[PDB]
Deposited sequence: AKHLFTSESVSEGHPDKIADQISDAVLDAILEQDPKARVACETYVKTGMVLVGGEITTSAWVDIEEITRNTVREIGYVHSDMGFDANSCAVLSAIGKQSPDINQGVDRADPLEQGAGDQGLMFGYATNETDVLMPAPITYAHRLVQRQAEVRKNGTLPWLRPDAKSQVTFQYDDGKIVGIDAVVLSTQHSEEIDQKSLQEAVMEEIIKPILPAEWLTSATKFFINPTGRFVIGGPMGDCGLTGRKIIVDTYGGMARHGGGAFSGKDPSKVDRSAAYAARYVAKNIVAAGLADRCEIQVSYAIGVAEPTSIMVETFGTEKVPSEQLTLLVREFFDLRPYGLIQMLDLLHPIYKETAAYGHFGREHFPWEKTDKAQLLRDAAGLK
């Protein structure tokens, strides 16, 4: 049935994502010195200031003010005219530090309750949904041409959104595409939209998908000149959907950034992506969404649910059998299954946690073994 679906993405330097990137940059910094560190680092940004606020239990010593300024500088906010300068903004920390003091470590219970969901679909190369994939790819391309000299009047803040017409389950094409970019006072609006259309949109959206009818809204109100934290406000854990799957699949509440791996909110979600992506790569289903939940102090998950939406190649009884076998979903088990105690997290914080094959949760190593046990074919 023809039906349209939308997903947005934002760039590095959109204020919410700045806050994510700072949080995960502090996480990485601590993890580099102490991979067993427990962190929950929440960050807030507003026109003058970055507040980095936290509970951290670690041996490590790390410089919050330095880490912050460097993250704001790579994003590019380095002069008042943009909205925000990494070298003169205020950095404020309010992190509580604690230093450290079951027979099988794997049987350690979950710290905090909750629900996590994970998804895969055979509709892109990366086994991710088409909308959120291209949506991210628009903003990423913007950052690229910004940062490579090509289109250097572009400034950091940018939002993208793409709407896709599907008829059933086939992506038929792109109905509308919207893109808004901060830019210097230097460039005119009409020349801006020539360049966005040539350099950003045309190299990313598949041409077969683009029609005579495709409604493109480039800088629709726009003269987007100041942006980033200037006059807006970013907090970690607000681009929760963008981070995930653009609203194709579901979500339990939870944020990833600034949480070390002991946090099921993060690591359970990462593991869920991995179990689903492996299922689809083995051809056990076309589209798979999984809910796993935990209760505080219990180590086995309180629930698993697989929704293969009528797209199975083996009945869900057998499917849920293999899920709960090939994958250790005890909190410390999934930390092991995916080898998470490593500074790999700042890269996660812009452009989507999933869909980028070089992440431990994006590997399809278990594809065949799943294929086998699920009645080989």
Sequence order list of spans that the model leaves without C-alpha positions, deposited numbering: 102-107
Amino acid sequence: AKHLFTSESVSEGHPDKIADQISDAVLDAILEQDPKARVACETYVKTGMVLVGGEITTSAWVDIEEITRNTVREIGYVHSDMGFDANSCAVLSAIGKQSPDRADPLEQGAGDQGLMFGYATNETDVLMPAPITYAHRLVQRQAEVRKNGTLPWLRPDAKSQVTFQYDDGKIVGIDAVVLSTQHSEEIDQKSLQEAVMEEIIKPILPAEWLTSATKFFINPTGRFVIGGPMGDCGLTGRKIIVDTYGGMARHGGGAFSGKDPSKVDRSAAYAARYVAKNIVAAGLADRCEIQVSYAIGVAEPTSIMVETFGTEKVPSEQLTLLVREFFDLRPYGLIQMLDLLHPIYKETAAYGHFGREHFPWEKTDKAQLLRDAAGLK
From here on, numbers count along this sequence of modelled residues.
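We call the rigid core the largest set of C-alpha positions that still match within 1.5 Å between the two forms.
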225-233 against 87-95 - segment lying farther from this form in 6 other deposited structures of this protein (CA RMS, rigid core fit): 225-233
Between 272-280 and 163-171, larger RMS Cα displacement in 6 other deposited structures of this protein after core fit: 163-171
Entry-level comparison of average CA B-factors, 35-43 and 332-340, reporting the higher stretch: 332-340
Mean C-alpha B-factor comparison - 14-22 and 351-359, higher one: 351-359
Residue of maximum C-alpha B factor among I56, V52, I30, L319, per deposited coordinates: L319
Member of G283, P131, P301, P261 with the greatest C-alpha B factor (per the PDB record): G283
CA B-factor placement of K239, once the chain's modelled residues are sorted into thirds: lowest
CA B-factor ranking of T308, expressed as a third of its chain: highest
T211, C-alpha B-factor rank within chain (lowest, middle or highest third): highest
B-factor third for the C-alpha atom of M82 within its chain: middle
Among modelled residues of the same chain, the CA temperature factor third for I67: lowest
